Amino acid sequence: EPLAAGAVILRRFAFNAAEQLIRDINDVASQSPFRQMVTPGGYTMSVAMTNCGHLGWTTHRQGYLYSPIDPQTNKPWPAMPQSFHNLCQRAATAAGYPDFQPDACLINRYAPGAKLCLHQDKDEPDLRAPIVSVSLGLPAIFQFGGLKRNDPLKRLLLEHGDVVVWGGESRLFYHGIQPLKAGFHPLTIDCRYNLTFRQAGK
């Protein structure tokens, strides 16, 4: 059974690419550090985030925003690594989205206990483009629902190297990550990373 209409999980797709991806995560973070963002309502998110590519997702007092500039550094987000772009393109193609051209990559870091409550990826003006989501390090339970918050959730363990792609009918589906279980991974040690690729501009 496929994940959902327009959605697929490519298990261990990024396994072979993972070591390089993690080197590049470190490189990106060395320029735009991971930060736990504060919601408009004033709560600090448990996931630490950064971005690369032309547009980075951030919170603001007034809401969520894509910006070409990191509000923390006041500099552009780091360029999207070629390893990221190449893996994203290969995954998108395998998943049936050959023409996807991301301009934004959000990098998420989960420590034990860190979670991401159900939400929609909805800040992008062009909903034709899919989301490509790469998991690295410790395993996590991914919730994938529907268009409405109360729609039944599927729970999928995402393991190191797994890639999930959603788009088309499932583009705006609610999704999230359950509190990360403590553990060890030879490549990330004690955390999970996730790369989320999007086309956030025109």
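Note that residue numbering follows the sequence shown and begins at 1.
Higher mean CA temperature factor between 145-153 and 169-177: 145-153, per the PDB entry. Of the two segments examined, 127-135 and 106-114, it is 127-135 that shows the higher average Cα temperature factor in the deposited entry. Of the candidates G42, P33, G161, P68, it is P68 whose Cα B-factor is highest according to the PDB record. Sorting the modelled residues of the chain by their CA temperature factor places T188 in the highest third. Placement of the Cα temperature factor of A17 within the chain: middle third of the modelled residues, per the deposited record. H85: CA B factor lies in the lowest third for its chain, per the PDB record. For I9, the recorded CA temperature factor ranks within the middle third of the chain's modelled residues. When the CA B factors of the chain's modelled residues are split into thirds, the value for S46 lands in the lowest one.
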